[PDB]
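Survey of secondary and tertiary structure
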Amino acid sequence: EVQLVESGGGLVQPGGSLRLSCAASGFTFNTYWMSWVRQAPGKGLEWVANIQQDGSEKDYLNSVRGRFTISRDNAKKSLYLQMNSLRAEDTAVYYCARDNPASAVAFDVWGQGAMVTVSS
Amino acid sequence: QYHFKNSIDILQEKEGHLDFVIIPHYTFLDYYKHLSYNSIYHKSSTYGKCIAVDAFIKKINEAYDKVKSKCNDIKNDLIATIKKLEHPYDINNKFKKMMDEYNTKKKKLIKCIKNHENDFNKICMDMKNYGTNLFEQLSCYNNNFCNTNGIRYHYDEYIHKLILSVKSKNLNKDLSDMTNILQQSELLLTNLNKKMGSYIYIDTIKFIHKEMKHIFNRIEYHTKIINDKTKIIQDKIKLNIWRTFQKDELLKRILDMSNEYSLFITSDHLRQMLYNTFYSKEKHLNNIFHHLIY
Amino acid sequence: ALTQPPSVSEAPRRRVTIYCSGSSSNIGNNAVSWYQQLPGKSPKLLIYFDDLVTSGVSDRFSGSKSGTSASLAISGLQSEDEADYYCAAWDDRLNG
């Protein structure tokens, strides 16, 4: 079943810790690439990060570089995204993106999304 | 349940251009180009998809070739070996000076291949996922008796045409021809050793002899795979088709025939191209015979 | 990196062009994908590998590329097709 279920996400003060999540089943999570994509209210899409089937390669954008930490447990079929030193530009709905069988820039499916607002 | 999925050879068919064929990375892209198709050519609705399945496989075997974008300039410098070795320009340029130079580093290429192997994502594995995905999207009843189409389509439209092409070029003769050419060049080497020894381009002949000997062993190896001379009973496709079986069995036996065509067309594509390279530098052996102005 | 004005919402009759400008280090070497966004609901893939159809999606949508210029080209608009449509592409120079 096409399941991408976000968990967590909320509000934290500037320079906070927040760890996002996903869950999935049916489609064997271990065999496919995952991602993260974010959308700020009144703004369009922006890619966050990408991972590997075994987390060999990891990649990010050019602003939250070293701040964010993509990870996954492939026994329990679960993506994560630890986001430290959070800023307010980081205000977005964070979608657990999955990439297509075809490795490239390619958000196959999109989850419901986690509202992460950052303000005093 | 479903059991899903060792050398690397280099090629200069012509003098000027080089490509490499990573043996695991070709059987893989062959396995899942001979699986994605099997699925869609069983079911009637999925006959529509074969434009997209074709164009998918095409675009995988292109991103793959975009790895050969930066394994290319060092490849071209590896080619400049032929410049220094076999055609010293303008007749004026003159022992293990080129054997070493920046010329030992065939290993430099082998490095740059492995440097961008798993690295740069996983364009292999893409083919696994898609072929498996479309193998999931199946119908029929899946009761005791399911239809054996699918396999028969791919066989008579892809396989059976190519098996005739190979049997028409009796490879047993081809090998024995290549053996004799190698034997005669070795015997002439035995004598040229015993005689000559000045401004010594006998070492070039020894080197080209060596190169053509291993190239032979590869073609010999691939030919044995292609025609084993101890056989399943050569029948296999006949056992699959024109019948009905239970869902489990057919799914295994699609994957069975999907495996055979992977390794078969791998070896046979290689064999054909290696054979073009053997006789490219058998004529370059004979170019030295044209330099025996005596 | 990429550019795109918001207008997929005027439908008297014909096809529609969504242009896409770029640079050497992005469109010029990398394979483009395309996405549709129905406001306040999950985005969906139409085109990947520059032009290939997702299993289910209509052929009315079509991607394209020429050097440092790409385009999404729909043909036969509907009520559904009035949305927001975004693209996806990688940039080797800045790595992202």
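Its PDB record attributes the structure to X-ray crystallography, giving the resolution as 3.994 Å.

For chain B, the name recorded in the PDB entry is Reticulocyte-binding protein-like protein 5, with Plasmodium falciparum as its organism. The PDB lists this entry under the title "Plasmodium falciparum reticulocyte-binding protein homologue 5 (PfRH5) bound to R5.034".

**Some words on the overall build of chain A**
Check the secondary structure of chain A and you find zero helices and 11 strands. Tracing chain A from N to C terminus, the helices and strands come up as β-β-β-β-β-β-β-β-β-β-β. Relative to the compact-globule value of 14 Å for 120 residues, chain A shows a C-alpha radius of gyration of 14 Å, a close match. With the C-alpha coordinates of chain A rotated into their principal frame, the extents come out at 40 × 25 × 25 Å. Across chain A, every contact between residues at least 6 apart in sequence was considered, and the portion connecting residues at least 24 apart equals 53%.

**Some words on the sheet that holds strand β1 (residues 15-21) of chain C**
Residue and element names in this part refer to chain C. Strands sit in the order β1-β5-β4 across an open sheet of three strands; the sheet is antiparallel. The open sheet has two free edges, formed respectively by β1 and β4 (63-66), since each of these has just one partner strand. For this sheet, the mean inter-axis angle between neighbouring strands, taken without regard to orientation, is 20°. Across seven bridges, the pairing between β1 and strand β5 (residues 69-75) is antiparallel. When the sheet's bridge partners are listed, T17 is paired in β5 with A73.

**Re the pattern of salt bridges**
For side chains bearing opposite charge, pairing can occur when the charged atoms are close. Taken as a whole, this structure holds 15 salt bridges over all chains when the rule is applied. For A:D90, the salt bridge identified is with A:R67, shortest N-O distance 3.6 Å. Residue A:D90 is located in the loop between β7 (78-83) and β8 (92-95), and its partner A:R67 is located in the loop between β5 (59-60) and β6 (68-73); the two are separated by 23 residues in the primary sequence. Here B:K281 and B:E15 are joined by a salt bridge, their closest N and O atoms 3.8 Å apart. On the basis of relative accessibility, which here comes to 15%, the residue B:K281 falls in the buried class. The network of salt bridges with common partners includes A:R38, A:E46, A:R67 and A:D90.

**A few points about the interface of chain B and chain C**
Many analyses report the size of an interface as the accessible area lost when the parts associate. Listed as interface residues are nine residues of chain B and, on the opposing side, seven residues of chain C. If you tally residues by element for the side of chain B that touches chain C, the top one is helix α3 (residues 50-63) of chain B, at five residues. Here the side of chain B that touches chain C is composed, by residue class, of five nonpolar, one polar and three charged.

**Some words on the packing of α3(B) against helix α7 (residues 123-136) of chain B**
Residue and element names in this part refer to chain B. Running from amino to carboxyl end, α3 crosses α7 at an angle of 165°, the nearest separation of the two axes being 10 Å. One element, α3, and the other, α7, form an angle in the roughly antiparallel class. Handedness of the crossing formed by α3 with α7: left-handed. Between α3, through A52, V53, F56, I57, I60 and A63, and α7, the contact on the second element is made entirely by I123, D126, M127, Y130 and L134. By residue class, the composition of the contact of α3 with α7 is 10 nonpolar, no polar and one charged.

**Description of the environment of A:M115**
Residue and element names in this part refer to chain A. Within the secondary structure, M115 is located in strand β11 (residues 114-118). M115 gets classed as partly exposed once you look at its relative accessible area, which sits at 43%. Residues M115 and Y95 lie 20 residues apart in sequence; the distance between their C-alpha atoms is 9.0 Å. Excluding residues within four positions of it along the chain, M115 makes contact with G9, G10, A92 and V93.

**Describing unusual backbone geometry**
Unusually for a residue other than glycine, B:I8 sits at a positive phi of about 70°. Mapping B:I8 onto the fold places it in the segment before β1 (9-11). B:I8 gets classed as partly exposed once you look at its relative accessible area, which sits at 28%. Here the phi dihedral of C:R13 falls at roughly 160°; this positive angle occurs in a residue that is not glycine.

**Some words on helix α1 (residues 23-31) of chain B**
Judged by how many residues are buried, α1(B) sits mostly within the fold: eight of nine residues are covered. Taken together, the buried positions of α1(B) are occupied by B:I23, B:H25, B:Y26, B:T27, B:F28, B:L29, B:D30 and B:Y31.

**What about the nonpolar core?**
A:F107, B:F56, B:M127 and C:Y48 are the most contacted members of the largest nonpolar core, which has 60 residues in total. Sort the elements by how many residues they give to this core and α3(B) lands first, with seven residues. Sequence-distant contacts of B:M127, that is, excluding residues within four places in its chain, are made with B:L29, B:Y32, B:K33, B:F56, B:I57 and B:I60. A:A24, A:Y60, A:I70 and A:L86 belong to the second-largest nonpolar core, a separate cluster that totals 26 residues.

**A look at the pairing of strand β3 (residues 44-47) of chain C**
Residues and elements named next belong to chain C. As defined by bridge partners, strand β2 (residues 33-37) adjoins β3 across three bridges and the pair is classed as antiparallel. Its bridge partner lying in β3, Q36 is registered against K44. Between β2 and β3, which pair antiparallel one after the other, the connecting turn spans six residues, and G40 there sits at a positive phi close to 75°.

Rules of the game
Counting starts from 1 on each chain and goes along its sequence as written, which need not follow the entry numbering; residues with no coordinates are hidden. Key to labels: chains lettered from A, ligands numbered from 1, both in the order written. Hydrogen atoms and water are omitted, and side-chain values are computed over all heavy atoms in the structure. Residues with missing side-chain atoms are left out of burial classes, side-chain pairs and their counts. Only DSSP runs of H or I reaching four residues or more are called helices, and only runs of E reaching two or more are called strands; each is numbered from the N terminus. C-alpha atoms define the radius of gyration, and 2.2 Å times the number of residues to the power 0.38 defines the globule rule. Should any heavy atoms of two residues lie within 4.5 Å, those residues are considered in contact. Strand pairing is defined by DSSP finding a minimum of two bridges between the two strands. Axes here refer to lines fitted to C-alpha atoms; in helices the fit is confined to the stretch in contact. Angles between the N-to-C directions go from 0 to 180 degrees. Should a side-chain nitrogen of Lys or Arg be within 4 Å of a carboxyl oxygen of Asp or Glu, the pair is scored as a salt bridge. Using a 1.4 Å probe on the protein chains alone, a residue whose accessible area is under 20% of its type maximum counts as buried, one over 50% counts as exposed, and one in between counts as partly exposed. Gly is placed with the polar residues, together with every amino acid not listed as nonpolar (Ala, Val, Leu, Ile, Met, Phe, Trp, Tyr, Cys and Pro) or charged (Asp, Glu, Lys and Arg). Should an angle lie under 35 degrees it is considered roughly parallel, over 145 roughly antiparallel, and from 65 to 115 roughly perpendicular; all remaining angles are considered oblique. What makes a crossing left-handed is the near helix being turned counterclockwise from the far one by less than a right angle; a clockwise turn instead makes it right-handed. By nonpolar core is meant a set of buried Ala, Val, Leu, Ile, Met, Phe, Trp, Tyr and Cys residues that side-chain atoms within 4.5 Å join together.

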